[PDB]
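Chemist: Quick one: structure below, then a few questions.
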Amino acid sequence: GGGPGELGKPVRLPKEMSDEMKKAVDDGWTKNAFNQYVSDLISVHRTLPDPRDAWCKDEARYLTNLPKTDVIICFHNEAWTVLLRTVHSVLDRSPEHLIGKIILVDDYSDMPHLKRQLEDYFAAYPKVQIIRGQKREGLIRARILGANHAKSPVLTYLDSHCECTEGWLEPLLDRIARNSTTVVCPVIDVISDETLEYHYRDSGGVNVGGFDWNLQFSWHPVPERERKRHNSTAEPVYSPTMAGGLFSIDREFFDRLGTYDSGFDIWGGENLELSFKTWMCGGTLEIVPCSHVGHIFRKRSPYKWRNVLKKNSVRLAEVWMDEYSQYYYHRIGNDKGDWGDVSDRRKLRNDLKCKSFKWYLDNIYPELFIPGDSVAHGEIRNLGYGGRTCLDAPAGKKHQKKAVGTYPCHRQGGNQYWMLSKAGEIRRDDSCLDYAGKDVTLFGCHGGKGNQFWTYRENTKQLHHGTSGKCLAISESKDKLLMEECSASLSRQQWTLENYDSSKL
Ligand SMILES: O=c1ccn([C@@H]2O[C@H](COP(=O)(O)OP(=O)(O)O)[C@@H](O)[C@H]2O)c(=O)[nH]1
Ligand SMILES: *[C@@H]1O[C@H](CO)[C@@H](O)[C@H](O)[C@H]1NC(C)=O
Ligand SMILES: [Mn+2]
């Protein structure tokens, strides 16, 4: 008898339900930003399907002597059944002799079930130790507390809403056992927040980590330069950056790299910091397609707030990004703010004798588009009806299927930051302007030109669409961004593009 959710199948609550049941379902969504009521019906030892490729069972060989790892799971107000299932998943699917301590770091959670109730439950489980923080300090400082209580040669981090799968630990530990400067992440699969269903995929469609120039992590598929390094797609692949929070690193190597920046605030790109340090200071970062961990992805985080990631992102750039720091500052309007004292980190970098950031981009992440190489980058200004209207929209996968609009120019960047590429893209990060006969849209650059292809006609100042033959323009209300027949005499069809350089063409 496996129960609800056995083998990763979804769980759906009745269509019509009593009121007390409704209150509890909503109670669960309010507290956790997933459906706790569903999670509570699912076994804490919920069985899962084997997501590993044929290659991972048959043709992959791992060294016989692997380093003992500690597992650090930070949490704050995590749900009972969810936290337990993460811990029970490590114990049940990891070879006993490879787990030293399962360290649960508390970070000043206040819900009763994580206090004494957790202590009594894991009393029977000797490898589980509970460290309690004295005040809410956030993820970054908590992982550092866990690394201080850990004595095993290797650290492995997991969120409190994860599920390890069959064979998850050996392929990660194998990479470190070959070479200790190697940081590794499992493939991070999706557990539905609504049904807790488990979703895994072919090692063909594996994504490797990069970043947008707002210093946010972002996924991209494995570059061909990398795929050509491998006889099979299930071998470990280089990844210029980690998503963060699920990874394994050598404990002393973690220490040597300065762990996380002590001066970061909660809103941190510590994941980006650790990634750059690993590459630039004698290590490598790998995604191991043979290792799958499920994670409960949430649409929002229900945490107290204490723009705002700006401090952590500027320290990351002031220390680690050399001349390329300027490209982050453009996106935030050069309002760098006050990132605090950062001297300790500059000394740390010099003592380790790390490579330059250009080296990182040139050798590890050369696929990344550098805004300085574009024909123009900055705001896109329309000269019509006052000349104080700018191309303005948000990017991302939620703001796909939105029409791109217009808004008054604030020289602050962000939503009015764009690059005109040599390949005729008007873009922000991996998003491209696109026109297929209804509205102008921002979605994902496919690199095929066509409807994502534009021409800036220097003498006329028009933005010309190759396939529709139309010209880009703004309406009289200045609220909408439309396509119309090209007329040289129309001011609503004129644009000036910041940093236009003819020679980048
Ligand atoms: O102040 C906090 C809030 C979050 N968490 C924990 O940090 C882990 C990762 O956080 P989260 O899942 O919210 O980040 P995400 O994966 O959504 O980016 C989770 O186990 C949380 O319980 C924490 O340690 N301190
Ligand atoms: C070990 O770690 C990485 C993997 O290639 C690399 O930086 C380093 O040169 C490797 N070699 C040695 C001798 O440690
Ligand atoms: Mn998470």
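Residue names in the structure tokens use chain letters A, B, ... in the order shown, residue numbers from 1 in each chain, and ligand numbers from 1 in the order shown.
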Once you count only C-alpha atoms and all ligand atoms, which residues end up within 12 Å of ligand 2, and could you hand them over as a list in words?
Modeler: residues 175, 176, 177, 178, 179, 180, 181, 182, 183, 184, 238, 250, 253, 278, 279, 280, 281, 282, 283, 284, 285, 286, 354, 355 and 364 of chain A
Chemist: Please produce a file of those selected residues containing N, CA, C and O atoms, as a compact mmCIF listing (two decimals), in the first residue's frame.
Modeler:
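The result, written out as part_12.txt:
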```txt
# COMPACT_ATOMS: atom_id res chain seq x y z
N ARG A 175 32.32 13.17 -8.64
CA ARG A 175 33.09 14.26 -9.24
C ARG A 175 34.09 14.83 -8.25
O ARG A 175 35.23 15.12 -8.61
N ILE A 176 33.68 14.98 -6.98
CA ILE A 176 34.60 15.50 -5.97
C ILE A 176 35.71 14.50 -5.69
O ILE A 176 36.88 14.87 -5.59
N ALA A 177 35.37 13.21 -5.60
CA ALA A 177 36.36 12.17 -5.38
C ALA A 177 37.43 12.13 -6.46
O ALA A 177 38.55 11.67 -6.21
N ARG A 178 37.13 12.64 -7.66
CA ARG A 178 38.14 12.71 -8.70
C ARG A 178 39.00 13.95 -8.54
O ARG A 178 40.22 13.90 -8.75
N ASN A 179 38.39 15.06 -8.13
CA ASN A 179 39.09 16.35 -8.11
C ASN A 179 38.30 17.29 -7.19
O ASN A 179 37.17 17.65 -7.52
N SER A 180 38.89 17.68 -6.05
CA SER A 180 38.18 18.37 -4.96
C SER A 180 37.80 19.82 -5.26
O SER A 180 36.93 20.37 -4.56
N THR A 181 38.43 20.47 -6.25
CA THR A 181 38.07 21.82 -6.65
C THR A 181 36.79 21.84 -7.48
O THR A 181 36.45 22.85 -8.09
N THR A 182 36.09 20.73 -7.51
CA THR A 182 34.94 20.58 -8.39
C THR A 182 33.69 20.77 -7.55
O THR A 182 33.49 20.07 -6.55
N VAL A 183 32.89 21.76 -7.91
CA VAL A 183 31.58 21.97 -7.31
C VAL A 183 30.54 21.39 -8.25
O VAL A 183 30.66 21.54 -9.48
N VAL A 184 29.53 20.71 -7.71
CA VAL A 184 28.57 19.95 -8.50
C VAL A 184 27.16 20.25 -8.05
O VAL A 184 26.91 20.43 -6.85
N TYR A 238 29.80 21.27 -18.00
CA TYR A 238 30.16 22.54 -17.40
C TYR A 238 28.94 23.46 -17.33
O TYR A 238 28.09 23.46 -18.22
N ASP A 250 33.51 20.70 -1.64
CA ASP A 250 34.45 20.25 -0.61
C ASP A 250 34.50 21.27 0.52
O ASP A 250 34.73 22.46 0.29
N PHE A 253 37.38 23.40 0.65
CA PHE A 253 37.38 24.22 -0.56
C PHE A 253 36.33 25.33 -0.46
O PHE A 253 36.57 26.46 -0.89
N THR A 278 34.25 30.02 -7.81
CA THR A 278 34.65 28.66 -8.14
C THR A 278 35.45 28.61 -9.44
O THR A 278 36.54 28.02 -9.49
N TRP A 279 34.94 29.23 -10.50
CA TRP A 279 35.67 29.20 -11.75
C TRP A 279 36.97 29.98 -11.66
O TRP A 279 38.04 29.45 -12.00
N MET A 280 36.91 31.21 -11.14
CA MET A 280 38.03 32.14 -11.21
C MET A 280 39.15 31.78 -10.25
O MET A 280 40.27 32.27 -10.42
N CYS A 281 38.88 30.93 -9.26
CA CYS A 281 39.86 30.64 -8.23
C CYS A 281 40.22 29.16 -8.17
O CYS A 281 40.36 28.58 -7.10
N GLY A 282 40.36 28.54 -9.34
CA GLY A 282 40.94 27.22 -9.47
C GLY A 282 40.01 26.04 -9.45
O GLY A 282 40.50 24.90 -9.37
N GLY A 283 38.70 26.25 -9.57
CA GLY A 283 37.72 25.18 -9.53
C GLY A 283 36.94 25.08 -10.83
O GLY A 283 37.22 25.77 -11.82
N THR A 284 35.99 24.15 -10.83
CA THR A 284 35.04 24.03 -11.93
C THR A 284 33.67 23.75 -11.33
O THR A 284 33.54 23.23 -10.22
N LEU A 285 32.64 24.09 -12.11
CA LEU A 285 31.24 23.90 -11.74
C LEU A 285 30.55 23.00 -12.77
O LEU A 285 30.69 23.20 -13.99
N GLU A 286 29.85 21.99 -12.29
CA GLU A 286 29.30 20.94 -13.12
C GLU A 286 27.86 20.68 -12.75
O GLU A 286 27.49 20.71 -11.57
N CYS A 354 43.06 34.92 -8.22
CA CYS A 354 42.04 34.45 -9.15
C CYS A 354 42.25 35.06 -10.54
O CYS A 354 42.95 36.05 -10.72
N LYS A 355 41.65 34.41 -11.53
CA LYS A 355 41.72 34.95 -12.88
C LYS A 355 40.82 36.18 -13.04
O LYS A 355 39.94 36.46 -12.21
N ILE A 364 34.85 30.46 -19.99
CA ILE A 364 33.81 29.65 -19.39
C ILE A 364 32.44 29.96 -19.99
O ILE A 364 31.70 29.05 -20.35
```
Chemist: With only C-alpha atoms as the counted atoms, please give the residues lying no more than 10 Å from range 87-96 of chain A, apart from itself and same-chain residues fewer than 6 positions off, as a PyMOL selection string.
Modeler: chain A and resi 44-48+68+71-73+102-104+122+125+127-128+158+160-170+293
Chemist: How would the residues just picked look written out with N, CA and C atoms as an mmCIF file, in the first residue's frame?
Modeler:
```cif
data_model
loop_
_atom_site.group_PDB
_atom_site.id
_atom_site.type_symbol
_atom_site.label_atom_id
_atom_site.label_comp_id
_atom_site.auth_asym_id
_atom_site.auth_seq_id
_atom_site.Cartn_x
_atom_site.Cartn_y
_atom_site.Cartn_z
ATOM 1 N N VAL A 44 5.463 10.609 4.016
ATOM 2 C CA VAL A 44 6.774 11.205 4.160
ATOM 3 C C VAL A 44 7.858 10.311 3.564
ATOM 4 N N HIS A 45 7.572 9.017 3.392
ATOM 5 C CA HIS A 45 8.449 8.123 2.651
ATOM 6 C C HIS A 45 7.920 7.869 1.245
ATOM 7 N N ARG A 46 7.254 8.869 0.671
ATOM 8 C CA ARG A 46 6.649 8.731 -0.642
ATOM 9 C C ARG A 46 7.657 8.241 -1.654
ATOM 10 N N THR A 47 7.302 7.149 -2.320
ATOM 11 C CA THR A 47 8.161 6.530 -3.315
ATOM 12 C C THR A 47 8.137 7.316 -4.616
ATOM 13 N N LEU A 48 9.216 7.219 -5.364
ATOM 14 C CA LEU A 48 9.398 8.062 -6.530
ATOM 15 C C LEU A 48 9.873 7.194 -7.687
ATOM 16 N N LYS A 68 32.695 11.023 2.455
ATOM 17 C CA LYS A 68 31.533 11.240 3.312
ATOM 18 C C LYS A 68 31.055 12.679 3.156
ATOM 19 N N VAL A 71 24.829 16.799 4.938
ATOM 20 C CA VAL A 71 23.709 17.431 4.248
ATOM 21 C C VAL A 71 23.163 18.532 5.128
ATOM 22 N N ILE A 72 23.237 19.757 4.635
ATOM 23 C CA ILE A 72 22.760 20.925 5.347
ATOM 24 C C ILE A 72 21.470 21.357 4.675
ATOM 25 N N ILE A 73 20.386 21.397 5.446
ATOM 26 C CA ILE A 73 19.074 21.848 4.984
ATOM 27 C C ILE A 73 18.674 23.047 5.853
ATOM 28 N N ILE A 102 23.191 14.887 8.913
ATOM 29 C CA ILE A 102 22.111 15.639 8.285
ATOM 30 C C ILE A 102 21.802 16.809 9.218
ATOM 31 N N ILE A 103 22.281 17.983 8.850
ATOM 32 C CA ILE A 103 22.235 19.165 9.698
ATOM 33 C C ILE A 103 21.037 20.024 9.291
ATOM 34 N N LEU A 104 20.070 20.163 10.170
ATOM 35 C CA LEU A 104 18.918 21.017 9.917
ATOM 36 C C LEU A 104 19.144 22.334 10.650
ATOM 37 N N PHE A 122 13.027 13.352 15.501
ATOM 38 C CA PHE A 122 14.347 12.953 15.033
ATOM 39 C C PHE A 122 15.255 12.514 16.172
ATOM 40 N N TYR A 125 16.662 9.218 15.223
ATOM 41 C CA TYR A 125 17.541 9.253 14.061
ATOM 42 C C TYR A 125 18.889 9.851 14.430
ATOM 43 N N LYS A 127 21.804 10.399 12.979
ATOM 44 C CA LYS A 127 22.601 11.244 12.100
ATOM 45 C C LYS A 127 22.043 12.661 11.982
ATOM 46 N N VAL A 128 20.846 12.912 12.511
ATOM 47 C CA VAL A 128 20.132 14.175 12.330
ATOM 48 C C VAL A 128 20.430 15.074 13.519
ATOM 49 N N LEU A 158 20.649 21.388 0.537
ATOM 50 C CA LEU A 158 19.341 21.129 -0.044
ATOM 51 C C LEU A 158 18.341 22.090 0.576
ATOM 52 N N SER A 160 14.557 22.917 2.029
ATOM 53 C CA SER A 160 13.698 22.099 2.878
ATOM 54 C C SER A 160 12.507 21.516 2.128
ATOM 55 N N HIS A 161 12.340 21.834 0.855
ATOM 56 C CA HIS A 161 11.239 21.251 0.098
ATOM 57 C C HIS A 161 11.795 20.507 -1.113
ATOM 58 N N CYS A 162 12.648 19.514 -0.870
ATOM 59 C CA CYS A 162 13.314 18.760 -1.923
ATOM 60 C C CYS A 162 12.959 17.293 -1.807
ATOM 61 N N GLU A 163 13.312 16.536 -2.847
ATOM 62 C CA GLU A 163 13.218 15.074 -2.807
ATOM 63 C C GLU A 163 14.360 14.482 -3.609
ATOM 64 N N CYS A 164 15.226 13.744 -2.939
ATOM 65 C CA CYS A 164 16.297 13.064 -3.643
ATOM 66 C C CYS A 164 15.715 11.831 -4.315
ATOM 67 N N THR A 165 16.294 11.456 -5.452
ATOM 68 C CA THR A 165 15.835 10.305 -6.219
ATOM 69 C C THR A 165 16.864 9.198 -6.149
ATOM 70 N N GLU A 166 16.459 8.024 -6.614
ATOM 71 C CA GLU A 166 17.348 6.870 -6.639
ATOM 72 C C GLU A 166 18.657 7.208 -7.336
ATOM 73 N N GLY A 167 19.768 6.864 -6.679
ATOM 74 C CA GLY A 167 21.087 7.087 -7.233
ATOM 75 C C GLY A 167 21.545 8.528 -7.228
ATOM 76 N N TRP A 168 20.975 9.381 -6.372
ATOM 77 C CA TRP A 168 21.251 10.808 -6.486
ATOM 78 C C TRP A 168 22.638 11.152 -5.956
ATOM 79 N N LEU A 169 23.106 10.439 -4.957
ATOM 80 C CA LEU A 169 24.276 10.943 -4.270
ATOM 81 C C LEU A 169 25.577 10.487 -4.927
ATOM 82 N N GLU A 170 25.650 9.239 -5.378
ATOM 83 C CA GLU A 170 26.918 8.727 -5.902
ATOM 84 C C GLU A 170 27.498 9.587 -7.019
ATOM 85 N N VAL A 293 17.338 15.698 -8.201
ATOM 86 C CA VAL A 293 16.651 16.056 -6.963
ATOM 87 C C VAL A 293 15.418 16.848 -7.339
#
```
Chemist: Return as a ChimeraX atom specification the residues of protein, DNA or RNA that approach ligand 3 to within 12 Å, with only C-alpha atoms and all ligand atoms taken into account.
Modeler: /A:32-34,73-76,78,82-83,86,139,157-163,188-191,193,243-246,293-302
Chemist: Using only C-alpha atoms, which protein or nucleic acid residues come within 12 Å of residue 227 in chain A? Drop anything in the same chain fewer than 3 positions from it, and give the result as a PyMOL selection string.
Modeler: chain A and resi 203-208+221-224+230-239
Chemist: Identify all residues of range 287-316 of chain A in strand (DSSP E or B) (DSSP on the backbone) and supply them as a PyMOL selection string.
Modeler: chain A and resi 287-296
Chemist: Write a file of the selected residues as a PDB file, in the first residue's frame, keeping N, CA and C atoms.
Modeler:
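Okay, result.pdb is ready:
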```pdb
ATOM      1  N   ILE A 287      27.039  20.473 -13.752  1.00  0.00           N
ATOM      2  CA  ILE A 287      25.720  19.899 -13.564  1.00  0.00           C
ATOM      3  C   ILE A 287      25.805  18.430 -13.940  1.00  0.00           C
ATOM      4  N   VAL A 288      25.316  17.563 -13.060  1.00  0.00           N
ATOM      5  CA  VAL A 288      25.520  16.124 -13.200  1.00  0.00           C
ATOM      6  C   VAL A 288      24.195  15.505 -13.621  1.00  0.00           C
ATOM      7  N   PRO A 289      24.021  15.216 -14.909  1.00  0.00           N
ATOM      8  CA  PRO A 289      22.702  14.805 -15.384  1.00  0.00           C
ATOM      9  C   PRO A 289      22.290  13.466 -14.846  1.00  0.00           C
ATOM     10  N   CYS A 290      23.227  12.707 -14.277  1.00  0.00           N
ATOM     11  CA  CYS A 290      22.882  11.442 -13.645  1.00  0.00           C
ATOM     12  C   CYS A 290      22.240  11.606 -12.274  1.00  0.00           C
ATOM     13  N   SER A 291      22.252  12.814 -11.705  1.00  0.00           N
ATOM     14  CA  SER A 291      21.753  13.066 -10.355  1.00  0.00           C
ATOM     15  C   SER A 291      20.529  13.971 -10.396  1.00  0.00           C
ATOM     16  N   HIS A 292      19.392  13.453  -9.944  1.00  0.00           N
ATOM     17  CA  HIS A 292      18.148  14.205  -9.935  1.00  0.00           C
ATOM     18  C   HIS A 292      17.664  14.440  -8.514  1.00  0.00           C
ATOM     19  N   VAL A 293      17.338  15.698  -8.201  1.00  0.00           N
ATOM     20  CA  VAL A 293      16.651  16.056  -6.963  1.00  0.00           C
ATOM     21  C   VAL A 293      15.418  16.848  -7.339  1.00  0.00           C
ATOM     22  N   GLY A 294      14.273  16.437  -6.801  1.00  0.00           N
ATOM     23  CA  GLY A 294      13.053  17.190  -6.996  1.00  0.00           C
ATOM     24  C   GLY A 294      12.993  18.344  -6.018  1.00  0.00           C
ATOM     25  N   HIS A 295      12.377  19.439  -6.464  1.00  0.00           N
ATOM     26  CA  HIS A 295      12.217  20.665  -5.684  1.00  0.00           C
ATOM     27  C   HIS A 295      10.807  21.203  -5.905  1.00  0.00           C
ATOM     28  N   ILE A 296      10.205  21.745  -4.847  1.00  0.00           N
ATOM     29  CA  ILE A 296       8.879  22.355  -4.942  1.00  0.00           C
ATOM     30  C   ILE A 296       9.061  23.805  -5.387  1.00  0.00           C
TER      31      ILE A 296
END
```
Chemist: One number please: CA of residue 488 in chain A to CA of residue 457 in chain A, in Å, one decimal.
Modeler: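 Taking CA of residue 488 in chain A as the start and CA of residue 457 in chain A as the end point, the length is 10.4 Å.
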Chemist: Find the residue from A:41, A:66, A:17, A:348 that sits nearest to residue 4 in chain A; use only C-alpha atoms when measuring.
Modeler: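 Checking each of A:41, A:66, A:17, A:348 against residue 4 in chain A, counting only C-alpha atoms, the winner is A:41.
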Chemist: Quick one: pull the distance between CA of residue 416 in chain A and CA of residue 378 in chain A, Å, one decimal.
Modeler: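 Atom-to-atom, CA of residue 416 in chain A and CA of residue 378 in chain A are spaced 7.2 Å apart.
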Chemist: Mind checking which residues fall within 10 Å of range 322-337 of chain A, counting only C-alpha atoms, ignoring those fewer than 5 positions away in the same chain, and posting them as a PyMOL selection string?
Modeler: chain A and resi 212-215+307+310-311+313-317+356-358+361+370-372+377-378+410-418+428
Chemist: Write out the residues from the selection above, keeping N, CA and C atoms, as a PDB file, in the first residue's frame.
Modeler:
```
ATOM      1  N   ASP A 212      21.518  36.936 -16.250  1.00  0.00           N
ATOM      2  CA  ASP A 212      21.139  38.173 -16.910  1.00  0.00           C
ATOM      3  C   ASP A 212      21.925  39.333 -16.310  1.00  0.00           C
ATOM      4  N   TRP A 213      22.026  40.418 -17.069  1.00  0.00           N
ATOM      5  CA  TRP A 213      22.814  41.561 -16.625  1.00  0.00           C
ATOM      6  C   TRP A 213      22.096  42.441 -15.603  1.00  0.00           C
ATOM      7  N   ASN A 214      21.020  41.970 -14.988  1.00  0.00           N
ATOM      8  CA  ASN A 214      20.575  42.504 -13.714  1.00  0.00           C
ATOM      9  C   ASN A 214      21.104  41.670 -12.556  1.00  0.00           C
ATOM     10  N   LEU A 215      22.101  40.820 -12.825  1.00  0.00           N
ATOM     11  CA  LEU A 215      22.706  39.919 -11.839  1.00  0.00           C
ATOM     12  C   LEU A 215      21.651  39.011 -11.206  1.00  0.00           C
ATOM     13  N   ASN A 307      16.291  47.605  -6.893  1.00  0.00           N
ATOM     14  CA  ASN A 307      15.778  48.171  -5.654  1.00  0.00           C
ATOM     15  C   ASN A 307      16.475  47.581  -4.419  1.00  0.00           C
ATOM     16  N   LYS A 310      19.799  45.202  -4.825  1.00  0.00           N
ATOM     17  CA  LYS A 310      20.836  46.085  -5.347  1.00  0.00           C
ATOM     18  C   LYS A 310      22.117  46.014  -4.528  1.00  0.00           C
ATOM     19  N   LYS A 311      22.015  45.947  -3.193  1.00  0.00           N
ATOM     20  CA  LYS A 311      23.227  45.976  -2.375  1.00  0.00           C
ATOM     21  C   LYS A 311      24.087  44.752  -2.639  1.00  0.00           C
ATOM     22  N   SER A 313      23.954  42.749  -5.156  1.00  0.00           N
ATOM     23  CA  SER A 313      24.399  42.660  -6.544  1.00  0.00           C
ATOM     24  C   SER A 313      25.552  43.617  -6.835  1.00  0.00           C
ATOM     25  N   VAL A 314      25.587  44.792  -6.190  1.00  0.00           N
ATOM     26  CA  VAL A 314      26.682  45.733  -6.432  1.00  0.00           C
ATOM     27  C   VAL A 314      27.985  45.252  -5.784  1.00  0.00           C
ATOM     28  N   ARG A 315      27.916  44.655  -4.577  1.00  0.00           N
ATOM     29  CA  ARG A 315      29.141  44.079  -4.016  1.00  0.00           C
ATOM     30  C   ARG A 315      29.683  42.969  -4.907  1.00  0.00           C
ATOM     31  N   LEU A 316      28.800  42.105  -5.406  1.00  0.00           N
ATOM     32  CA  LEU A 316      29.247  41.052  -6.294  1.00  0.00           C
ATOM     33  C   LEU A 316      29.998  41.648  -7.478  1.00  0.00           C
ATOM     34  N   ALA A 317      29.499  42.760  -8.011  1.00  0.00           N
ATOM     35  CA  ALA A 317      30.105  43.341  -9.202  1.00  0.00           C
ATOM     36  C   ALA A 317      31.336  44.170  -8.872  1.00  0.00           C
ATOM     37  N   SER A 356      41.027  36.889 -14.149  1.00  0.00           N
ATOM     38  CA  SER A 356      40.220  38.063 -14.460  1.00  0.00           C
ATOM     39  C   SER A 356      38.812  37.643 -14.870  1.00  0.00           C
ATOM     40  N   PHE A 357      37.885  38.602 -14.797  1.00  0.00           N
ATOM     41  CA  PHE A 357      36.517  38.288 -15.181  1.00  0.00           C
ATOM     42  C   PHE A 357      36.403  38.143 -16.685  1.00  0.00           C
ATOM     43  N   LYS A 358      37.206  38.897 -17.429  1.00  0.00           N
ATOM     44  CA  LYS A 358      37.267  38.683 -18.865  1.00  0.00           C
ATOM     45  C   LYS A 358      37.615  37.227 -19.161  1.00  0.00           C
ATOM     46  N   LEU A 361      34.430  35.216 -18.803  1.00  0.00           N
ATOM     47  CA  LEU A 361      33.529  35.335 -19.928  1.00  0.00           C
ATOM     48  C   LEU A 361      34.144  34.700 -21.158  1.00  0.00           C
ATOM     49  N   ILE A 370      27.413  40.344 -24.629  1.00  0.00           N
ATOM     50  CA  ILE A 370      27.980  41.439 -23.841  1.00  0.00           C
ATOM     51  C   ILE A 370      27.382  42.755 -24.356  1.00  0.00           C
ATOM     52  N   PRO A 371      26.577  43.467 -23.550  1.00  0.00           N
ATOM     53  CA  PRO A 371      25.876  44.664 -24.071  1.00  0.00           C
ATOM     54  C   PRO A 371      26.778  45.657 -24.764  1.00  0.00           C
ATOM     55  N   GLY A 372      28.048  45.747 -24.376  1.00  0.00           N
ATOM     56  CA  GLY A 372      28.973  46.636 -25.054  1.00  0.00           C
ATOM     57  C   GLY A 372      29.278  46.271 -26.498  1.00  0.00           C
ATOM     58  N   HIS A 377      22.954  50.384 -27.021  1.00  0.00           N
ATOM     59  CA  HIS A 377      22.405  49.843 -25.787  1.00  0.00           C
ATOM     60  C   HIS A 377      22.028  50.981 -24.862  1.00  0.00           C
ATOM     61  N   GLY A 378      20.863  50.847 -24.242  1.00  0.00           N
ATOM     62  CA  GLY A 378      20.324  51.912 -23.422  1.00  0.00           C
ATOM     63  C   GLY A 378      18.849  52.145 -23.654  1.00  0.00           C
ATOM     64  N   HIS A 410      12.439  57.942 -17.996  1.00  0.00           N
ATOM     65  CA  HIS A 410      13.254  58.131 -16.799  1.00  0.00           C
ATOM     66  C   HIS A 410      14.620  57.551 -17.128  1.00  0.00           C
ATOM     67  N   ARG A 411      15.664  58.356 -17.033  1.00  0.00           N
ATOM     68  CA  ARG A 411      16.975  57.848 -17.426  1.00  0.00           C
ATOM     69  C   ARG A 411      17.517  56.727 -16.524  1.00  0.00           C
ATOM     70  N   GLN A 412      16.639  56.010 -15.824  1.00  0.00           N
ATOM     71  CA  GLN A 412      17.009  54.974 -14.860  1.00  0.00           C
ATOM     72  C   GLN A 412      17.198  53.564 -15.424  1.00  0.00           C
ATOM     73  N   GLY A 413      16.976  53.320 -16.702  1.00  0.00           N
ATOM     74  CA  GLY A 413      17.301  51.998 -17.234  1.00  0.00           C
ATOM     75  C   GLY A 413      16.138  51.053 -16.972  1.00  0.00           C
ATOM     76  N   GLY A 414      16.447  49.925 -16.349  1.00  0.00           N
ATOM     77  CA  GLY A 414      15.533  48.823 -16.163  1.00  0.00           C
ATOM     78  C   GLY A 414      14.669  48.453 -17.339  1.00  0.00           C
ATOM     79  N   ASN A 415      13.375  48.738 -17.203  1.00  0.00           N
ATOM     80  CA  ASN A 415      12.388  48.520 -18.250  1.00  0.00           C
ATOM     81  C   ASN A 415      12.585  49.373 -19.497  1.00  0.00           C
ATOM     82  N   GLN A 416      13.406  50.417 -19.448  1.00  0.00           N
ATOM     83  CA  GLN A 416      13.734  51.159 -20.651  1.00  0.00           C
ATOM     84  C   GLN A 416      15.184  50.945 -21.043  1.00  0.00           C
ATOM     85  N   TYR A 417      15.702  49.766 -20.761  1.00  0.00           N
ATOM     86  CA  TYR A 417      17.028  49.377 -21.194  1.00  0.00           C
ATOM     87  C   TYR A 417      16.888  48.327 -22.284  1.00  0.00           C
ATOM     88  N   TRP A 418      17.543  48.561 -23.417  1.00  0.00           N
ATOM     89  CA  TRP A 418      17.439  47.704 -24.590  1.00  0.00           C
ATOM     90  C   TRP A 418      18.781  47.680 -25.294  1.00  0.00           C
ATOM     91  N   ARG A 428      16.565  42.437 -24.546  1.00  0.00           N
ATOM     92  CA  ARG A 428      17.006  42.578 -23.159  1.00  0.00           C
ATOM     93  C   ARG A 428      17.271  41.170 -22.667  1.00  0.00           C
TER      94      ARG A 428
END
```
Chemist: In Å to one decimal, how far is CA of residue 395 in chain A from CA of residue 431 in chain A?
Modeler: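 So the two atoms, CA of residue 431 in chain A and CA of residue 395 in chain A, lie 6.4 Å apart.
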Chemist: Just list as number ranges by chain whatever in range 121-295 of chain A DSSP marks as helix (DSSP H, G or I).
Modeler: A: 121, 138-148, 169-178, 203-205, 224-227, 251-256, 270-280
Chemist: Would you kindly return, as a ChimeraX atom specification, each protein, DNA or RNA residue with an atom no farther than 7 Å from any atom of residue 382 in chain A, considering only C-alpha atoms and excluding same-chain residues fewer than 5 positions away?
Modeler: /A:387,389-390,492,494-496
Chemist: From the list A:425, A:58, A:252, A:270, which residue is nearest ligand 1 when using only C-alpha atoms and all ligand atoms?
Modeler: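 Looking only at the distances to ligand 1, the closest residue turns out to be A:270.
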Chemist: Would you mind listing what lies within 9 Å of residue 12 in chain A as JSON, numbers by chain, with only C-alpha atoms counted and same-chain residues fewer than 3 positions away left out?
Modeler: {"A": [15, 38, 194, 195]}
Chemist: When distances are computed from only C-alpha atoms and all ligand atoms, which of A:62, A:359, A:303, A:276 shows the smallest separation from ligand 1?
Modeler: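 Checking each of A:62, A:359, A:303, A:276 against ligand 1, counting only C-alpha atoms and all ligand atoms, the winner is A:303.
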